[PDB]
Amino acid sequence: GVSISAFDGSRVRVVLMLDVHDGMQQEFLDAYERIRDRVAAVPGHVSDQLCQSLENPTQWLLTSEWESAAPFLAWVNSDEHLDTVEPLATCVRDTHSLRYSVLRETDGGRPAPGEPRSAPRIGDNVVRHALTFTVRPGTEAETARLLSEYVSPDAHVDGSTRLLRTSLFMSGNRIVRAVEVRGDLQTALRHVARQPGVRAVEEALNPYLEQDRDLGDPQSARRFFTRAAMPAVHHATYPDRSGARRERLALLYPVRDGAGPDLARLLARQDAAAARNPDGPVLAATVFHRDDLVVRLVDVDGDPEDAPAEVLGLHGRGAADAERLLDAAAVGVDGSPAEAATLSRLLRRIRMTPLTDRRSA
């Protein structure tokens, strides 16, 4: 079962809902008219439509079409996007961007020629997201304690939204946070960030962050989160097992420069190949990706080290296909990639240090 895939090749429809400040509708349109060109020239943009609500003049929609998820995902979290859309900050109060894959189309009163005949991804109401950031050389142990010992927020956001799990990891000065949320991601994260237990930990970390932010200014906050976002590009669920040990691991891949998007595509293909013909202790696998940052979050039955290739997603030809995309000798792993002892040592070095795994209903 693959429930999330950003590699199916489907065309992408993005719904960006904007909330304009009371009375600044003329300034918003003026500011869009100045930045439209830059947005349209983004590699992968096909079409756009700026619309105002017939029910509320503060409600605006920017719907866009992209060739595939990859061009959009590369620009949405880009610093070029942030600089392109910064003169809307005077006139825009909030934004909500939903992203979808096109399955069916009707044009000319008739299904469109080229309409996909793809099948729906089956699944439950869960959204997965990852955050990654760096802390100052010399602050690693302090940051690890802070995040391992925070007061968990109330998972209850609403009838619609609930936090289901938050898993934190560390490798060197890099922290990765992954969450499972029922319902809307933005609503959940905003409820979580307003809780005293979490806002305290955030105020204690700011002094350690390699990039400095002011949770005070929504603009320094949005830029950190745009720069920290690690979208889930693949989720595959596997048949359950009857083992007495269960373990969640985070695997940070030593990627060569420019190879991150390609490692993520290899890892996604491998994970979907395992789902079609299951073999191994993996119970679920999520690929999180931002540039040359590739993380695989794996739930495993039994000892992960009894089955390195299947946990690493480098079963069969993957290990060979990954040698070209990975710098294993930068983390000290020499040896032919398919060999059993090489994959066992790669699992040990790329496994992130678990900090806290908090499960909520």
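Sequential numbering from 1, following the sequence displayed.
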Stretch with the higher entry mean CA B-factor, where the candidates are 108-116 and 67-75:
108-116
Of 139-147 vs 156-164, the stretch with the larger average CA B-factor in the entry is 156-164
Looking at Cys51, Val300, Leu312, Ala330, which has the biggest Cα B factor in the entry?
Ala330
Pick out which of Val85, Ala268, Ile175, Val282 has the highest C-alpha B-factor in the PDB entry.
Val85
Sorting the chain's modelled residues by C-alpha B-factor and splitting them into thirds places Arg182 in the lowest
Could you place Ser10 in the lowest, middle or highest third of its chain by Cα temperature factor, using the values in the record?
highest
Which third of the chain does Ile350 land in by C-alpha B-factor: lowest, middle or highest?
lowest
Thinking about Cα B factors across the chain, which third does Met24 belong to?
middle
If you rank every modelled residue in this chain by C-alpha B factor, which third holds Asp240: lowest, middle or highest?
middle
